[PDB]
RNA sequence: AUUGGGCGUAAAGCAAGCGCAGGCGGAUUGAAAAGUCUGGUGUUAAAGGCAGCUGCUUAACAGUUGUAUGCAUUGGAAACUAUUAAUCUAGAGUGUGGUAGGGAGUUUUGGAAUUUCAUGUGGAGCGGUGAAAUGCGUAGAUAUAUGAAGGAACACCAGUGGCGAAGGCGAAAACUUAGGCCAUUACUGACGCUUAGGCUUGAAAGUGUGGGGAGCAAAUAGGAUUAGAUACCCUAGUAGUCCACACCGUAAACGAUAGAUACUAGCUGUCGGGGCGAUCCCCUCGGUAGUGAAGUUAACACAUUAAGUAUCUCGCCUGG
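Residue numbers (the entry's author numbering), protein chains in the order written: chain E, 145 to 167; chain N, 2 to 84; chain D, 66 to 218; chain A, 197 to 258; chain G, 2 to 142; chain K, 2 to 137.
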């Protein structure tokens with residue numbers, strides 16, 4: 145279990161997302 | 002299974018022990034005597050020979066580490082009884 | 066880019082009836098501004114192989130970023146067991162390397178770079194290894210921005 | 197740009213936008229294809245009947 | 002927050018951590034756990050302050066005397082790892098010692114080096130400011 | 002690569018293998034020392050000068066000289082140029098040079114310090130070939 | 001190949017274990033400050049490699065000036081390294097319960113085979129390769145049946161199977177012994193890796209000894225194709241074989257892969273247990289074939305049953 149929670153930063157949506165609006 | 006409950010419960014190094022250096026080496030030497038008697042009765046048993054060498058050398062390195070590890074927790078079984 | 070014949074491979078095999086003699090031509094092109102490429106072409110007819118090589122040469126145009134006009138961090142390329150190691154050099158010793166190595170480095174827009182060729186001399190495999198080494202150069206912008214503490218170092 | 201599905205034995209990150217949807221199920225590909233089609237058909241001033249409408253299908257594969 | 006099969010005592014914490022990090026980079030793993038080690042706590046903290054590391058948390062079982070430490074190897078939400086590679090200079094069998102005069106840049110100066118000099122771990126670049134040398138443990142970038 | 006067992010017996014670098022040992026040794030009278038004097042030119046005795054058939058794929062009449070040198074050895078030597086060395090147990094002169102079509106052949110006879118018949122039909126090279134100039 | 005390579009197919013893992021030395025040796029604090037670093041000091045031969053300078057017609061040279069490791073001396077930091085008292089138990093096993101397996105040293109029988117010998121029969125053949133012959137049979141051979149017997153080893157049992165230091169393990173039975181596997185919220189306080197040295201066994205062939213030889217059997221004798229048939233074909237046939245002592249020490253002993261530590265997607269299944277649960281399906285941990293993404297690679301292909309990644313040691317290869 146965790147007792148010391150430092151550096152709040154997590155990785156849950158590790159699936160790629162890229163290539164926005166393209167003409 | 003020669004001895005499993007004799008020496009590790011009748012002898013308490015620290016406050017309480019279920020597995021330790023000296024209880025293990027005492028049980029190991031009891032099985033060593035048993036296996037030496039067995040191989041004297043039956044000379045062609047080599048698996049016991051290799052197991053005995055492993056057991057005695059593991060006991061030797063047990064004692065070697067326990068030299069520095071604890072001040073004095075090994076002066077009960079550092080010897081051998083086979084002569 | 067320039068459609069220049071570089072390497073001629075004399076390859077051959079046999080079948081049940083007739084022998085297939087092919088000539089894979091290897092051509093390397095570049096503009097020295099970053100757009101560089103290489104290509105091998107296989108065909109029974111030499112003119113057809115040359116046409117295939119030309120097609121690959123003018124279609125494989127890929128740009129390599131000009132970092133500082135030379136190499137600043139060591140890179141080793143190994144693609145096909147032909148080691149090509151790079152070591153930054155003073156800007157006055159000139160382009161000291163193999164003839165093909167000097168040619169490709171000069172055509173890539175860089176010079177004055179220490180090179181180490183390990184293995185045996187074979188053109189296409191060494192070219193693949195050099196390409197693999199070229200595709201290993203780093204950039205500091207992403208490694209700087211993506212940090213929680215935004216800084217290059 | 198390429199749009200692809202990912203069903204049982206591949207990474208969902210082999211394309212630009214991620215869609216883990218499936219069409220092997222008989223009742224899936226119907227509404228999947230209808231909703232994909234009516235998401236672009238509006239551009240050409242053409243009928244759009246599965247974008248926010250209650251229209252839906254429950255049919256086996258045929 | 003252990004992954005599975007809690008890690009026993011390896012030959013050295015840094016080697017086990019390196020295996021964990023390489024496996025995280027290879028087999029699509031994000032959060033990895035290691036045996037309790039004060040130097041591990043220090044290096045995780047300094048990597049966090051460096052910006053290449055995500056959350057790190059010390060962990061305890063039913064008891065508090067034993068400990069471990071888990072940490073998320075910093076991954077952006079587009080499947081890229083912040084750490085791309087590691088190297089150890091000092092080794093258990095050969096702790097190479099490099100004084101202040103022996104602190105060069107990291108392969109161009111772009112990378113980060115770490116030294117166990119006097120107390121805790123200090124970056125070679127900041128160790129050169131305090132004219133501090135020591136045994137250099139690892140190169141990372 | 003296991004340095005744990007390679008410390009006792011380390012790995013030695015060769016970096017080259019050569020076939021010219023004669024230029025590596027010399028001997029002196031009244032005191033035996035074999036000290037390497039990096040001898041630019043060696044001198045010995047061409048006991049046998051003959052012709053042997055080359056390796057199996059080749060059949061020619063390349064010529065050689067069986068020359069004994071200062072160190073205990075009986076080795077071969079190529080004859081460079083026309084006007085072959087046939088001095089037959091006179092003090093001749095050898096230098097480093099390898100021709101690999103004939104077994105044993107690892108040296109070249111040099112004329113001008115211990116001049117033999119004076120290499121004819123060769124004025125392109127005068128490094129191991131003795132030939133007077135046509136110039137002035 | 002410390003710097004600067006691999007060991008499966010390249011030069012490449014010991015035959016296999018135990019395996020002392022050996023190096024490594026998870027983390028806390030008191031202590032040394034031991035190594036490390038920091039702070040303190042004196043030393044580092046000229047010309048000189050290097051370097052500002054001059055005199056060389058100018059360079060060839062000469063000088064001027066300086067460029068320091070190294071070595072002896074003294075205190076602080078506490079990270080890692082050996083660590084102290086205590087240690088933390090997550091390992092090594094070990095208290096304990098369940099626990100499966102061709103594991104094995106030891107000792108027993110049973111099945112029958114096999115060929116014979118007492119027993120009688122009976123008429124005419126047996127041997128065999130591509131075809132035959134060598135070689136056997138009326139004075140009774142084939143074949144025969146029970147009685148009795150010698151050495152000899154046990155059709156099947158034999159698996160997405162298990163146990164295995166390697167070599168291996170199956171007619172059974174048991175003494176003993178070993179290794180486990182699952183689980184123990186647990187203990188010595190990490191008490192362990194490789195292995196110089198030492199110890200051990202080692203498939204099988206074969207050897208001296210004593211005995212046995214049932215059976216086949218090289219070498220071959222004879223015979224069949226043959227140009228030769230010496231290798232391959234058939235019969236007669238002994239060394240050999242076989243039981244134990246002593247000697248055997250190698251195998252294509254391999255996983256073409258020495259290990260130990262720690263970690264890493266999965267899946268069809270299945271095996272041992274903890275098992276709810278007719279069995280089940282279903283799993284928890286270890287194992288058992290494959291799988292394919294990362295990873296790996298000269299390619300073969302391997303991939304959580306790595307040829308994957310890192311830590312420590314013994315064996316080896318530098319072109320043939």
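Note that beta-carbon positions come from the ideal geometry of N, C-alpha and C, so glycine has one too.
Length of the line joining the Cα atoms of residue i and residue j
{"i": "residue 156 (chain E)", "j": "residue 146 (chain D)", "result": "39 angstroms"}
{"i": "residue 8 (chain N)", "j": "residue 27 (chain N)", "result": "7 angstroms"}
{"i": "residue 66 (chain D)", "j": "residue 86 (chain D)", "result": "28 angstroms"}
{"i": "residue 5 (chain K)", "j": "residue 88 (chain D)", "result": "51 angstroms"}
{"i": "residue 39 (chain G)", "j": "residue 129 (chain D)", "result": "44 angstroms"}
{"i": "residue 110 (chain G)", "j": "residue 246 (chain A)", "result": "57 angstroms"}
{"i": "residue 124 (chain K)", "j": "residue 111 (chain K)", "result": "14 angstroms"}
{"i": "residue 5 (chain N)", "j": "residue 13 (chain N)", "result": "15 angstroms"}
{"i": "residue 64 (chain G)", "j": "residue 41 (chain G)", "result": "20 angstroms"}
{"i": "residue 235 (chain A)", "j": "residue 158 (chain E)", "result": "26 angstroms"}
{"i": "residue 46 (chain K)", "j": "residue 77 (chain K)", "result": "11 angstroms"}
{"i": "residue 72 (chain K)", "j": "residue 90 (chain D)", "result": "55 angstroms"}
{"i": "residue 104 (chain G)", "j": "residue 125 (chain G)", "result": "6 angstroms"}
{"i": "residue 142 (chain G)", "j": "residue 113 (chain G)", "result": "5 angstroms"}
{"i": "residue 130 (chain K)", "j": "residue 136 (chain K)", "result": "17 angstroms"}
{"i": "residue 69 (chain N)", "j": "residue 9 (chain K)", "result": "30 angstroms"}
{"i": "residue 44 (chain N)", "j": "residue 58 (chain N)", "result": "22 angstroms"}
Among the options, the one whose alpha carbon lies nearest that of residue i
{"i": "residue 25 (chain G)", "options": "G:52, G:40, G:64, G:71", "result": "G:71"}
{"i": "residue 149 (chain D)", "options": "D:179, D:78, D:94", "result": "D:179"}
{"i": "residue 65 (chain K)", "options": "K:26, K:115, K:100", "result": "K:100"}
{"i": "residue 257 (chain A)", "options": "A:226, A:242, A:238, A:210", "result": "A:226"}
{"i": "residue 91 (chain G)", "options": "G:81, G:109, G:115", "result": "G:115"}
{"i": "residue 11 (chain G)", "options": "G:78, G:93, G:54", "result": "G:93"}
{"i": "residue 90 (chain K)", "options": "K:68, K:128, K:11, K:74", "result": "K:68"}
{"i": "residue 87 (chain G)", "options": "G:96, G:19, G:5, G:73", "result": "G:19"}
{"i": "residue 50 (chain N)", "options": "N:65, N:34, N:63, N:62", "result": "N:34"}
{"i": "residue 75 (chain N)", "options": "N:48, N:22, N:31", "result": "N:22"}
{"i": "residue 152 (chain D)", "options": "D:76, D:83, D:202", "result": "D:202"}
{"i": "residue 78 (chain D)", "options": "D:109, D:208, D:164", "result": "D:109"}
{"i": "residue 157 (chain D)", "options": "D:115, D:206, D:175, D:217", "result": "D:175"}
{"i": "residue 152 (chain E)", "options": "G:8, G:46, G:29", "result": "G:46"}
{"i": "residue 211 (chain A)", "options": "G:6, G:80, G:112, G:33", "result": "G:80"}
{"i": "residue 105 (chain K)", "options": "K:15, K:12, K:22", "result": "K:22"}
{"i": "residue 119 (chain G)", "options": "G:23, G:57, G:132, G:68", "result": "G:132"}
{"i": "residue 81 (chain N)", "options": "N:17, N:19, N:60, N:46", "result": "N:60"}
{"i": "residue 182 (chain D)", "options": "D:172, D:81, D:171, D:195", "result": "D:195"}
{"i": "residue 126 (chain D)", "options": "D:101, D:107, D:135", "result": "D:101"}
{"i": "residue 201 (chain A)", "options": "A:217, A:213, A:252", "result": "A:217"}
{"i": "residue 207 (chain D)", "options": "G:58, G:43, G:9, G:82", "result": "G:82"}
Distance between beta carbons of residue j and residue i, contact taken as under 8 angstroms
{"i": "residue 13 (chain G)", "j": "residue 35 (chain G)", "result": "Wrong, their Cβ atoms sit about 11 angstroms apart, outside the cutoff."}
{"i": "residue 52 (chain G)", "j": "residue 100 (chain G)", "result": "At roughly 29 angstroms, the Cβ-Cβ gap does not stay under 8 angstroms, so residue 52 (chain G) and residue 100 (chain G) are not in contact."}
{"i": "residue 219 (chain A)", "j": "residue 228 (chain A)", "result": "6 angstroms"}
{"i": "residue 60 (chain G)", "j": "residue 2 (chain G)", "result": "6 angstroms"}
{"i": "residue 69 (chain G)", "j": "residue 43 (chain G)", "result": "With a Cβ gap of about 16 angstroms, residue 69 (chain G) and residue 43 (chain G) do not count as contacting."}
DSSP bridge partner residues for residue i (one or two, in chain order)
{"i": "residue 64 (chain K)", "result": "K:52"}
{"i": "residue 74 (chain N)", "result": "The partner list for residue 74 (chain N) (beta bridge, DSSP) is empty, contrary to what the question assumes."}
{"i": "residue 85 (chain D)", "result": "D:78"}
{"i": "residue 94 (chain D)", "result": "D:102"}
{"i": "residue 94 (chain K)", "result": "K:44"}
Interfacial residues, the segment 184-209 of chain D to chain G, with Cβ spacing under 8 angstroms:
Sequence-ordered contacts of the segment 184-209 of chain D with chain G read 203, 205, 208 [C-beta pairs closer than 8 angstroms].
**Asked** Closer than 9 angstroms, Cβ to any Cβ of chain D: which residues of the segment 100-114 of chain G, in chain order?
**Response** 107, 108, 109, 110, 111, 112, 113
Contacting positions in the segment 2-34 of chain G - beta carbon closer than 9 angstroms to chain D
none
According to a CB-to-CB cut-off of less than 7 angstroms, which residues of the segment 110-138 of chain D neighbour chain G?
137, 138
message: Tell me which residues of the segment 208-229 of chain A have at least one Cβ-Cβ distance to chain E shorter than 8 angstroms, keeping chain order.
response: 208, 209, 212, 213, 214
Any residues in the segment 49-76 of chain G with a beta carbon nearer than 9 angstroms to a beta carbon of chain D? Which ones, in chain order? 49, 50, 51, 52, 53, 54, 55, 75
Query raised in the report: Which residues, in chain order, does the segment 152-165 of chain E contribute to contact with chain G at a C-beta distance below 9 angstroms?
Result: 152, 153, 154, 155, 156, 157, 158, 159, 160, 161, 162
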